[PDB]
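Text of model_34.txt (compact mmCIF, C-alpha atoms) as supplied:
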# COMPACT_ATOMS: atom_id res chain seq x y z
CA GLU A 1 40.88 134.33 -16.56
CA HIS A 2 37.49 136.05 -16.29
CA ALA A 3 36.59 139.01 -18.49
CA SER A 4 40.07 140.38 -19.12
CA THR A 5 40.90 143.68 -20.85
CA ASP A 6 40.51 145.98 -17.82
CA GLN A 7 41.79 143.02 -15.80
CA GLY A 8 45.36 142.09 -16.78
CA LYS A 9 47.91 141.59 -19.57
CA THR A 10 47.50 140.17 -23.07
CA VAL A 11 49.80 139.26 -25.94
CA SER A 12 48.46 138.23 -29.33
CA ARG A 13 50.27 137.05 -32.45
CA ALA A 14 49.14 136.16 -35.94
CA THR A 15 49.86 132.65 -37.19
CA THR A 16 49.90 130.42 -40.24
CA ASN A 17 49.01 126.76 -40.36
CA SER A 18 49.97 123.65 -42.31
CA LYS A 19 47.75 120.63 -42.86
CA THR A 20 50.71 118.28 -43.51
CA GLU A 21 53.57 119.71 -41.44
CA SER A 22 52.91 117.23 -38.63
CA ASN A 23 53.22 114.50 -41.26
CA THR A 24 56.49 115.39 -42.98
CA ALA A 25 58.26 116.07 -39.67
CA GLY A 26 58.88 112.33 -39.35
CA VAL A 27 60.94 112.13 -42.53
CA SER A 28 64.69 111.61 -42.45
CA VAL A 29 66.50 111.94 -45.77
CA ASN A 30 69.05 109.07 -45.73
CA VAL A 31 70.55 109.91 -49.13
CA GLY A 32 70.59 106.25 -50.24
CA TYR A 33 67.71 104.52 -52.00
CA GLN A 34 67.94 100.76 -51.98
CA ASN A 35 65.96 98.92 -54.68
CA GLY A 36 64.08 101.55 -56.64
CA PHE A 37 61.96 102.56 -53.65
CA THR A 38 62.52 106.23 -54.46
CA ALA A 39 60.36 107.41 -51.57
CA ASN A 40 60.49 108.08 -47.84
CA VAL A 41 58.67 106.82 -44.75
CA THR A 42 57.10 108.78 -41.90
CA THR A 43 57.24 107.71 -38.28
CA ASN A 44 53.68 108.99 -37.86
CA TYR A 45 51.21 109.50 -40.70
CA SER A 46 48.60 112.16 -39.94
CA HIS A 47 45.71 113.26 -42.13
CA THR A 48 44.82 116.82 -43.14
CA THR A 49 42.71 117.25 -39.99
CA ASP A 50 45.87 117.81 -37.89
CA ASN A 51 47.01 121.42 -38.17
CA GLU B 1 65.61 164.35 62.94
CA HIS B 2 62.13 165.25 61.74
CA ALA B 3 59.84 162.32 60.93
CA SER B 4 56.50 162.59 59.12
CA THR B 5 53.55 160.29 58.45
CA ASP B 6 50.91 161.52 56.01
CA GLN B 7 47.89 159.55 54.87
CA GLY B 8 45.28 160.62 52.34
CA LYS B 9 42.00 159.48 50.86
CA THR B 10 40.46 160.53 47.54
CA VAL B 11 37.01 160.05 46.00
CA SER B 12 36.31 161.03 42.40
CA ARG B 13 33.44 160.77 39.92
CA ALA B 14 33.54 161.38 36.15
CA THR B 15 30.83 161.32 33.48
CA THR B 16 31.42 161.25 29.72
CA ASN B 17 28.96 161.78 26.87
CA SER B 18 30.20 161.01 23.37
CA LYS B 19 28.63 161.27 19.93
CA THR B 20 30.11 159.85 16.73
CA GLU B 21 29.04 160.23 13.09
CA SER B 22 30.55 157.88 10.51
CA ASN B 23 30.10 157.72 6.74
CA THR B 24 31.24 154.93 4.42
CA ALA B 25 31.41 154.46 0.66
CA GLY B 26 32.85 151.59 -1.33
CA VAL B 27 32.90 149.82 -4.67
CA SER B 28 33.16 146.05 -5.15
CA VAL B 29 33.98 144.58 -8.56
CA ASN B 30 33.38 140.89 -9.22
CA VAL B 31 34.27 138.80 -12.28
CA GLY B 32 33.87 135.07 -12.54
CA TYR B 33 32.60 132.00 -14.34
CA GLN B 34 29.40 130.12 -13.48
CA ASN B 35 27.77 128.33 -16.42
CA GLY B 36 29.18 131.25 -18.37
CA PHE B 37 31.10 134.44 -17.77
CA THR B 38 29.71 136.86 -15.18
CA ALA B 39 30.46 140.34 -13.84
CA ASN B 40 29.10 142.59 -11.09
CA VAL B 41 29.69 146.07 -9.70
CA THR B 42 28.36 146.95 -6.24
CA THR B 43 28.25 150.50 -4.92
CA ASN B 44 27.38 150.90 -1.25
CA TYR B 45 27.24 153.82 1.15
CA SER B 46 26.37 153.74 4.84
CA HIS B 47 25.85 156.19 7.70
CA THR B 48 26.26 155.35 11.39
CA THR B 49 25.52 157.48 14.46
CA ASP B 50 26.15 156.36 18.03
CA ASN B 51 25.69 158.00 21.42

Rewrite the coordinates I just gave you, this time as structure tokens.
Amino acid sequence: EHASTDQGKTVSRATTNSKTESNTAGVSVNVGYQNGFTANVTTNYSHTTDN
Amino acid sequence: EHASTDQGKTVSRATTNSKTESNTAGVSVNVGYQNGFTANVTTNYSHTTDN
């Protein structure tokens, strides 16, 4: 907790991030399109401030 | 038969004089959080002598 590195154990990994991944995770494909609504719907719509 | 009856009586007196000399040395390491991250290192050494 306090002033590690000469205290305990660490593990550290590099990452990437996506500003819209949390948005498109609520998309199911459902191969059929009904009445020319050639688009999908998310269960939750998040903005680009949600990494 | 031969029958005996002995009785005794002792009186003793002992005096001791001791003298000890002790030395101590230690290190105390402190890390914590108090309105920010802190750290201390204490180094003490003591000398006792008793008679």

Let me have the centre and edge lengths of the axis-aligned box enclosing all listed atoms of segment 37-43 of chain A with 4 Å padding on every side, in Å to one decimal, as lines of an AutoDock Vina configuration file.
center_x = 59.8
center_y = 105.7
center_z = -46.4
size_x = 13.4
size_y = 14.2
size_z = 24.2

Which polymer residues have any atom within 8 Å of an atom of residue 22 of chain A, counting only C-alpha atoms, with same-chain residues fewer than 6 positions away left out, as a ChimeraX atom specification? /A:46,50-51

Compile a residue-level contact table for chain B against chain A at a cut-off of 8 Å, reporting for every qualifying residue the shortest atom pair and its distance in Å to one decimal, with only C-alpha atoms counted, rows ordered by chain and ascending number, as a tab-separated table.
residue	atom	partner	partner_atom	distance
B:31	CA	A:2	CA	5.8
B:32	CA	A:2	CA	5.3
B:33	CA	A:2	CA	6.6
B:37	CA	A:2	CA	6.8
B:38	CA	A:2	CA	7.9
B:39	CA	A:3	CA	7.8

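Here chain B was fitted onto chain A over its full set of C-alpha atoms, and the resulting RMSD is 13.6 Å.
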
**All residues 10 Å or closer to residue 44 of chain B, all atoms listed in the file, same chain fewer than 4 positions away omitted, as a PyMOL selection string** = chain B and resi 24-28

Among B:49, B:42, B:6, B:36, residue 18 of chain B is approached most closely, using only C-alpha atoms, by B:49

Kindly reconstruct segment 1-13 of chain A with N, CA, C and O atoms and present the result as a PDB file, in the coordinates of the input.
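After the write, part_36.pdb holds the following:
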ATOM      1  N   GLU A   1      41.774 135.431 -16.248  1.00  0.00           N
ATOM      2  CA  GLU A   1      40.880 134.330 -16.560  1.00  0.00           C
ATOM      3  C   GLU A   1      39.508 134.838 -16.981  1.00  0.00           C
ATOM      4  O   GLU A   1      39.047 134.571 -18.092  1.00  0.00           O
ATOM      5  N   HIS A   2      38.860 135.598 -16.105  1.00  0.00           N
ATOM      6  CA  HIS A   2      37.490 136.050 -16.290  1.00  0.00           C
ATOM      7  C   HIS A   2      37.489 137.473 -16.803  1.00  0.00           C
ATOM      8  O   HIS A   2      37.996 138.373 -16.129  1.00  0.00           O
ATOM      9  N   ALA A   3      36.911 137.677 -17.986  1.00  0.00           N
ATOM     10  CA  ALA A   3      36.590 139.010 -18.490  1.00  0.00           C
ATOM     11  C   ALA A   3      37.784 139.957 -18.373  1.00  0.00           C
ATOM     12  O   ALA A   3      37.777 140.930 -17.619  1.00  0.00           O
ATOM     13  N   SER A   4      38.816 139.642 -19.153  1.00  0.00           N
ATOM     14  CA  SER A   4      40.070 140.380 -19.120  1.00  0.00           C
ATOM     15  C   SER A   4      39.900 141.729 -19.805  1.00  0.00           C
ATOM     16  O   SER A   4      38.763 142.167 -20.007  1.00  0.00           O
ATOM     17  N   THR A   5      41.005 142.408 -20.143  1.00  0.00           N
ATOM     18  CA  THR A   5      40.900 143.680 -20.850  1.00  0.00           C
ATOM     19  C   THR A   5      40.169 144.718 -19.998  1.00  0.00           C
ATOM     20  O   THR A   5      38.961 144.913 -20.169  1.00  0.00           O
ATOM     21  N   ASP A   6      40.913 145.375 -19.091  1.00  0.00           N
ATOM     22  CA  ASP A   6      40.510 145.980 -17.820  1.00  0.00           C
ATOM     23  C   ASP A   6      40.668 144.993 -16.665  1.00  0.00           C
ATOM     24  O   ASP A   6      40.159 145.232 -15.565  1.00  0.00           O
ATOM     25  N   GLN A   7      41.365 143.883 -16.900  1.00  0.00           N
ATOM     26  CA  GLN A   7      41.790 143.020 -15.800  1.00  0.00           C
ATOM     27  C   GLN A   7      43.305 142.847 -15.744  1.00  0.00           C
ATOM     28  O   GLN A   7      43.900 143.086 -14.688  1.00  0.00           O
ATOM     29  N   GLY A   8      43.954 142.444 -16.839  1.00  0.00           N
ATOM     30  CA  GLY A   8      45.360 142.090 -16.780  1.00  0.00           C
ATOM     31  C   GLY A   8      46.195 142.393 -18.008  1.00  0.00           C
ATOM     32  O   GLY A   8      46.138 143.503 -18.545  1.00  0.00           O
ATOM     33  N   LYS A   9      46.986 141.419 -18.455  1.00  0.00           N
ATOM     34  CA  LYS A   9      47.910 141.590 -19.570  1.00  0.00           C
ATOM     35  C   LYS A   9      47.601 140.584 -20.666  1.00  0.00           C
ATOM     36  O   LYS A   9      47.296 139.422 -20.382  1.00  0.00           O
ATOM     37  N   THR A  10      47.702 141.026 -21.916  1.00  0.00           N
ATOM     38  CA  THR A  10      47.500 140.170 -23.070  1.00  0.00           C
ATOM     39  C   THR A  10      48.669 140.305 -24.033  1.00  0.00           C
ATOM     40  O   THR A  10      49.337 141.339 -24.093  1.00  0.00           O
ATOM     41  N   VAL A  11      48.914 139.235 -24.780  1.00  0.00           N
ATOM     42  CA  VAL A  11      49.800 139.260 -25.940  1.00  0.00           C
ATOM     43  C   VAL A  11      49.180 138.380 -27.010  1.00  0.00           C
ATOM     44  O   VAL A  11      48.652 137.303 -26.717  1.00  0.00           O
ATOM     45  N   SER A  12      49.207 138.858 -28.249  1.00  0.00           N
ATOM     46  CA  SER A  12      48.460 138.230 -29.330  1.00  0.00           C
ATOM     47  C   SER A  12      49.276 138.301 -30.607  1.00  0.00           C
ATOM     48  O   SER A  12      49.744 139.375 -30.991  1.00  0.00           O
ATOM     49  N   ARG A  13      49.426 137.161 -31.270  1.00  0.00           N
ATOM     50  CA  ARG A  13      50.270 137.050 -32.450  1.00  0.00           C
ATOM     51  C   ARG A  13      49.534 136.328 -33.555  1.00  0.00           C
ATOM     52  O   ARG A  13      48.841 135.341 -33.307  1.00  0.00           O
TER      53      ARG A  13
END
